[PDB]
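Consider the single chain below, provided in structure tokens and representing the form deposited in one PDB entry.
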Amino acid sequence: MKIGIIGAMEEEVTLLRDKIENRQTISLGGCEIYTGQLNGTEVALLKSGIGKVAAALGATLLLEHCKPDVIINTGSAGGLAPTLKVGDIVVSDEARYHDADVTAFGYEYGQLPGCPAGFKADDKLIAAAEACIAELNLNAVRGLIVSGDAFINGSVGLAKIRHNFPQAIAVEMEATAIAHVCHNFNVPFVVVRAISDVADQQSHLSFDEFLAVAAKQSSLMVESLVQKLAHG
């Protein structure tokens, strides 16, 4: 089994990269992919770019070149549900674009032609992620994550998303693009995002302080999840 890992947090990628044995570096289309073994398990590691196209570009290169059996995609996101707390770990049951709209042609809002309206994470990968997260004393919340190229941090944009996706609990800029690529390659995936801030709530930590803690926690979670998916 080969596990593909795509992470948004720079420090998490560095920490994981330094743990890879027999490490090789592939440079393509402006991206760097690290391959080798993480505690004996074959892995392919990439830092995702910002925005849908950049994430899709990298995910496509990783899938085509390395052909992993599953993908673990990590990062951070803004929380949309009031009950979320900074530091919660949202685990995707599905991912949808909040800025795709061809409803004029009969498609569901957020859905693009040729794709499911929502891209579904793999049941087994979800279960494994939740077990690893809980084992690390973190709080997993399963739910819908929406992605778009417009950064959300205002009342208007926030209102639009809640109107279009009442069940969305987290928002960021790359998850759905990565899920979409995985879907086109028929590769099972799971998306995980540490919540950095919660809508309508003043955050105590600065993004930098959040990242210093979340990136380390996330790298350990990934290392545990890689092991779990390899040897149960």
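Numbers for residues come from their place in the sequence shown, where the first is 1. In this text, the rigid core denotes the largest set of C-alpha atoms whose superposition between the two forms falls within 1.5 Å.
If you average the C-alpha B-factors over 130-138 and over 151-159, the higher value belongs to 151-159. If you average the C-alpha B-factors over 199-207 and over 64-72, the higher value belongs to 199-207. Comparing the listed residues 91, 100, 86, 117, the entry records the largest Cα B-factor for 86. Going by the entry's values, 28 shows the largest Cα B-factor out of 50, 192, 182, 28.
Residue 39: CA B factor lies in the highest third for its chain, per the PDB record. In the deposited entry, the Cα temperature factor of residue 3 places it in the lowest third of its chain's modelled residues.
Among the modelled residues of the chain, residue 143 sits in the lowest third by CA temperature factor in this PDB entry.
Remark: residue 79 belongs to the middle third of its chain, ranked by C-alpha B-factor as recorded. In the deposited entry, the Cα temperature factor of residue 104 places it in the highest third of its chain's modelled residues.
There is also a form deposited in another entry; it is not shown, and the following applies to it.
Annotation: Cα of residue 199 displaced by at least 2 Å between the shown form and the other one, core superposition. Relative to the superposed rigid core, the position of the CA of residue 226 differs between the shown form and the other one by less than 2 Å. Relative to the displayed conformation, the Cα-Cα distance from residue 199 to residue 148 shrinks by 3 Å or more in the other form.
In the other form, the Cα-Cα separation between residue 9 and residue 127 grows by 3 Å or more relative to the displayed conformation.
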